[PDB]
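**Student:** Let me begin by handing over the structure; questions about it come next.
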Amino acid sequence: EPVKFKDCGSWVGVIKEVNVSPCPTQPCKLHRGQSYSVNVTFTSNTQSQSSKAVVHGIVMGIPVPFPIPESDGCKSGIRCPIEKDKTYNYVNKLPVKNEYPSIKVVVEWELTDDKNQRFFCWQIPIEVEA
Ligand SMILES: *[C@@H]1O[C@H](CO)[C@@H](O)[C@H](O)[C@H]1NC(C)=O
């Protein structure tokens with residue numbers, strides 16, 4: 001479902017929608033061993049041959065890297081090369097892992113371009129359930 005989020009630095013892209021499922025109301029919650037489906041609609045303001053995603057869980061203000069199944073944006077629903085003013089749908093999953101403490105965690109998701117600049121950066125709170 002479309003979720004409310006905080007933009008943490010979208011620089012060469014413009015976010016149109018952050019859709020995380022299951023998340024009808026917030027904070028999203030999901031148990032360890034299950035994965036969220038993520039679909040980010042954004043419009044690029046630059047051309048780029050490549051794109052790379054990176055996710056962090058900010059736990060009590062401390063960032064921790066959060067692995068995803070595929071980090072190449074061009075293999076995540078985006079047909080590269082990325083073009084200026086074109087709209088894309090970045091799609092991936094976020095597994096909730098046993099290593100994550102079962103408390104509120106802020107998830108930060110980013111996608112960068114050839115120049116390592118942020119197409120998008122957004123944050124949302126999630127509750128990790130054991
Ligand atoms: C991603 O969201 C768009 C709506 O912006 C929809 O057309 C598309 O099917 C969704 N993609 C998948 C793979 O979830």
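Note on naming: chains are A, B, ... as they come in the structure tokens, residues start from 1 per chain, ligands start from 1 in the order shown.
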Within chain A, find each residue whose DSSP state, derived from the backbone, is strand (DSSP E or B), and express the selection as a ChimeraX atom specification.
**Tutor:** /A:2,6-7,13-21,28-31,35-44,48,52-59,62-65,72,82,87-95,104-112,118-129
**Student:** Any idea what's packed within 9 Å of residue 52 in chain A, counting only C-alpha atoms, ignoring anything in its chain fewer than 2 positions away? Could you give it as an mmCIF file with N, CA, C and O atoms, in the first residue's frame?
**Tutor:**
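So result_30.cif came out as:
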data_model
loop_
_atom_site.group_PDB
_atom_site.id
_atom_site.type_symbol
_atom_site.label_atom_id
_atom_site.label_comp_id
_atom_site.auth_asym_id
_atom_site.auth_seq_id
_atom_site.Cartn_x
_atom_site.Cartn_y
_atom_site.Cartn_z
ATOM 1 N N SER A 50 23.873 3.160 -15.005
ATOM 2 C CA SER A 50 23.704 2.236 -13.886
ATOM 3 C C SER A 50 22.868 2.794 -12.754
ATOM 4 O O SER A 50 22.538 3.971 -12.721
ATOM 5 N N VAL A 54 20.724 0.617 -1.892
ATOM 6 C CA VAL A 54 21.317 0.312 -0.602
ATOM 7 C C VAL A 54 20.277 0.623 0.471
ATOM 8 O O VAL A 54 19.534 1.615 0.400
ATOM 9 N N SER A 71 20.918 -5.826 -5.507
ATOM 10 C CA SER A 71 21.256 -4.405 -5.319
ATOM 11 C C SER A 71 21.426 -3.603 -6.612
ATOM 12 O O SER A 71 21.630 -2.385 -6.558
ATOM 13 N N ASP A 72 21.370 -4.268 -7.764
ATOM 14 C CA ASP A 72 21.508 -3.587 -9.055
ATOM 15 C C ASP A 72 20.114 -3.097 -9.433
ATOM 16 O O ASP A 72 19.214 -3.891 -9.688
ATOM 17 N N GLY A 73 19.936 -1.782 -9.458
ATOM 18 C CA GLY A 73 18.642 -1.228 -9.800
ATOM 19 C C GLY A 73 18.173 -1.606 -11.187
ATOM 20 O O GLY A 73 16.974 -1.709 -11.443
ATOM 21 N N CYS A 74 19.131 -1.824 -12.085
ATOM 22 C CA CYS A 74 18.840 -2.185 -13.470
ATOM 23 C C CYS A 74 18.322 -3.615 -13.595
ATOM 24 O O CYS A 74 17.900 -4.041 -14.677
ATOM 25 N N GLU A 110 17.665 3.738 -0.528
ATOM 26 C CA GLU A 110 18.248 4.672 -1.490
ATOM 27 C C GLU A 110 18.597 3.978 -2.785
ATOM 28 O O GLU A 110 18.802 2.764 -2.826
ATOM 29 N N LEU A 111 18.678 4.778 -3.841
ATOM 30 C CA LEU A 111 19.090 4.319 -5.162
ATOM 31 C C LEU A 111 20.001 5.423 -5.686
ATOM 32 O O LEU A 111 19.616 6.594 -5.668
ATOM 33 N N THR A 112 21.209 5.065 -6.115
ATOM 34 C CA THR A 112 22.164 6.047 -6.633
ATOM 35 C C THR A 112 22.475 5.809 -8.112
ATOM 36 O O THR A 112 22.286 4.702 -8.639
ATOM 37 N N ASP A 113 22.969 6.864 -8.766
ATOM 38 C CA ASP A 113 23.285 6.854 -10.197
ATOM 39 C C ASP A 113 24.779 6.701 -10.493
ATOM 40 O O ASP A 113 25.569 6.386 -9.603
ATOM 41 N N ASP A 114 25.151 6.918 -11.755
ATOM 42 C CA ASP A 114 26.547 6.777 -12.186
ATOM 43 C C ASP A 114 27.513 7.629 -11.383
ATOM 44 O O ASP A 114 28.671 7.254 -11.212
ATOM 45 N N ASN A 116 27.139 8.397 -8.279
ATOM 46 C CA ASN A 116 26.898 8.082 -6.869
ATOM 47 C C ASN A 116 25.934 9.063 -6.190
ATOM 48 O O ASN A 116 25.970 9.231 -4.966
#
**Student:** Could you give me, as a Markdown table, every chain A residue with an atom at most 9 Å from ligand 1, plus its closest atom pair and distance in Å to one decimal, counting only C-alpha atoms and all ligand atoms, rows ordered by chain then number?
**Tutor:**
| residue | atom | partner | partner_atom_place_in_ligand_line | distance |
| --- | --- | --- | --- | --- |
| A:16 | CA | ligand 1 | 5 (O) | 8.4 |
| A:17 | CA | ligand 1 | 5 (O) | 7.3 |
| A:18 | CA | ligand 1 | 2 (O) | 9.0 |
| A:19 | CA | ligand 1 | 2 (O) | 7.4 |
| A:37 | CA | ligand 1 | 14 (O) | 7.6 |
| A:38 | CA | ligand 1 | 14 (O) | 7.4 |
| A:39 | CA | ligand 1 | 1 (C) | 5.0 |
| A:40 | CA | ligand 1 | 1 (C) | 7.0 |
| A:41 | CA | ligand 1 | 5 (O) | 5.5 |
| A:42 | CA | ligand 1 | 5 (O) | 8.9 |
| A:77 | CA | ligand 1 | 13 (C) | 7.4 |
| A:88 | CA | ligand 1 | 5 (O) | 8.3 |
| A:89 | CA | ligand 1 | 1 (C) | 5.5 |
| A:90 | CA | ligand 1 | 1 (C) | 7.5 |
| A:91 | CA | ligand 1 | 13 (C) | 6.1 |
| A:92 | CA | ligand 1 | 13 (C) | 8.4 |
**Student:** Next, dump the selected residues to file, keeping only N, CA and C atoms, as a PDB file, in the first residue's frame.
**Tutor:**
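Output saved as out.pdb:
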ATOM      1  N   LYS A  16       7.416   9.707  -6.429  1.00  0.00           N
ATOM      2  CA  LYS A  16       5.981   9.837  -6.690  1.00  0.00           C
ATOM      3  C   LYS A  16       5.174   8.960  -5.725  1.00  0.00           C
ATOM      4  N   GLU A  17       5.707   7.790  -5.390  1.00  0.00           N
ATOM      5  CA  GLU A  17       5.022   6.908  -4.459  1.00  0.00           C
ATOM      6  C   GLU A  17       5.973   5.877  -3.882  1.00  0.00           C
ATOM      7  N   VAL A  18       5.800   5.570  -2.600  1.00  0.00           N
ATOM      8  CA  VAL A  18       6.555   4.496  -1.955  1.00  0.00           C
ATOM      9  C   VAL A  18       5.453   3.502  -1.553  1.00  0.00           C
ATOM     10  N   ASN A  19       5.457   2.321  -2.162  1.00  0.00           N
ATOM     11  CA  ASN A  19       4.432   1.329  -1.867  1.00  0.00           C
ATOM     12  C   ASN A  19       5.086   0.144  -1.183  1.00  0.00           C
ATOM     13  N   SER A  37       7.187  -6.396   0.299  1.00  0.00           N
ATOM     14  CA  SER A  37       7.314  -6.161  -1.133  1.00  0.00           C
ATOM     15  C   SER A  37       7.383  -4.636  -1.233  1.00  0.00           C
ATOM     16  N   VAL A  38       8.363  -4.131  -1.967  1.00  0.00           N
ATOM     17  CA  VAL A  38       8.564  -2.694  -2.104  1.00  0.00           C
ATOM     18  C   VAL A  38       8.501  -2.283  -3.573  1.00  0.00           C
ATOM     19  N   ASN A  39       7.766  -1.209  -3.854  1.00  0.00           N
ATOM     20  CA  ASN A  39       7.601  -0.685  -5.213  1.00  0.00           C
ATOM     21  C   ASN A  39       7.672   0.832  -5.099  1.00  0.00           C
ATOM     22  N   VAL A  40       8.764   1.403  -5.598  1.00  0.00           N
ATOM     23  CA  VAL A  40       8.979   2.843  -5.530  1.00  0.00           C
ATOM     24  C   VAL A  40       8.823   3.472  -6.906  1.00  0.00           C
ATOM     25  N   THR A  41       7.842   4.354  -7.044  1.00  0.00           N
ATOM     26  CA  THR A  41       7.640   5.051  -8.311  1.00  0.00           C
ATOM     27  C   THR A  41       8.395   6.374  -8.209  1.00  0.00           C
ATOM     28  N   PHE A  42       9.308   6.631  -9.140  1.00  0.00           N
ATOM     29  CA  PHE A  42      10.043   7.892  -9.111  1.00  0.00           C
ATOM     30  C   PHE A  42      10.354   8.334 -10.525  1.00  0.00           C
ATOM     31  N   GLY A  77      13.570  -3.979 -11.958  1.00  0.00           N
ATOM     32  CA  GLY A  77      12.393  -3.398 -12.585  1.00  0.00           C
ATOM     33  C   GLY A  77      12.629  -2.132 -13.384  1.00  0.00           C
ATOM     34  N   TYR A  88      10.000   5.608 -13.441  1.00  0.00           N
ATOM     35  CA  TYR A  88      10.364   4.225 -13.218  1.00  0.00           C
ATOM     36  C   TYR A  88       9.725   3.647 -11.969  1.00  0.00           C
ATOM     37  N   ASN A  89       9.644   2.323 -11.950  1.00  0.00           N
ATOM     38  CA  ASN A  89       9.135   1.589 -10.804  1.00  0.00           C
ATOM     39  C   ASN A  89      10.206   0.631 -10.326  1.00  0.00           C
ATOM     40  N   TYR A  90      10.865   1.013  -9.238  1.00  0.00           N
ATOM     41  CA  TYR A  90      11.902   0.200  -8.618  1.00  0.00           C
ATOM     42  C   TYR A  90      11.190  -0.816  -7.732  1.00  0.00           C
ATOM     43  N   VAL A  91      11.466  -2.089  -7.961  1.00  0.00           N
ATOM     44  CA  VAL A  91      10.800  -3.154  -7.224  1.00  0.00           C
ATOM     45  C   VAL A  91      11.788  -4.099  -6.565  1.00  0.00           C
ATOM     46  N   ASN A  92      11.541  -4.422  -5.302  1.00  0.00           N
ATOM     47  CA  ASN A  92      12.398  -5.353  -4.596  1.00  0.00           C
ATOM     48  C   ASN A  92      11.644  -5.867  -3.374  1.00  0.00           C
TER      49      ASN A  92
END
**Student:** Could you please determine the separation between CA of residue 7 in chain A and CA of residue 84 in chain A in Å, to one decimal place?
**Tutor:** 20.2 Å
**Student:** Of the candidates A:78, A:9, A:62, A:26, which shows the shortest atom-to-atom distance to residue 49 in chain A, using only C-alpha atoms?
**Tutor:** A:78
**Student:** Skip residue 11 in chain A itself and residues of its chain fewer than 3 positions away, then list as a PyMOL selection string all residues within 8 Å of it, counting only C-alpha atoms.
**Tutor:** chain A and resi 14+117-120
**Student:** Would you mind exporting N, CA and C atoms of the selected residues as a PDB file, in the first residue's frame?
**Tutor:**
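As written to disk, result15.pdb reads:
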ATOM      1  N   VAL A  14      12.808  12.262  -8.302  1.00  0.00           N
ATOM      2  CA  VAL A  14      11.655  12.797  -7.599  1.00  0.00           C
ATOM      3  C   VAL A  14      10.715  11.641  -7.273  1.00  0.00           C
ATOM      4  N   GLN A 117      25.078   9.700  -6.985  1.00  0.00           N
ATOM      5  CA  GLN A 117      24.106  10.656  -6.468  1.00  0.00           C
ATOM      6  C   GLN A 117      22.747   9.995  -6.276  1.00  0.00           C
ATOM      7  N   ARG A 118      22.047  10.445  -5.247  1.00  0.00           N
ATOM      8  CA  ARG A 118      20.768   9.853  -4.893  1.00  0.00           C
ATOM      9  C   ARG A 118      19.597  10.158  -5.799  1.00  0.00           C
ATOM     10  N   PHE A 119      19.089   9.137  -6.491  1.00  0.00           N
ATOM     11  CA  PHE A 119      17.852   9.267  -7.270  1.00  0.00           C
ATOM     12  C   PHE A 119      16.740   9.451  -6.214  1.00  0.00           C
ATOM     13  N   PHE A 120      16.782   8.632  -5.164  1.00  0.00           N
ATOM     14  CA  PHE A 120      15.797   8.750  -4.101  1.00  0.00           C
ATOM     15  C   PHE A 120      16.370   8.283  -2.795  1.00  0.00           C
TER      16      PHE A 120
END
**Student:** What is the CA of residue 1 in chain A-CA of residue 29 in chain A distance in Å, reported with one decimal?
**Tutor:**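 CA of residue 29 in chain A lies at a distance of 12.9 Å from CA of residue 1 in chain A.
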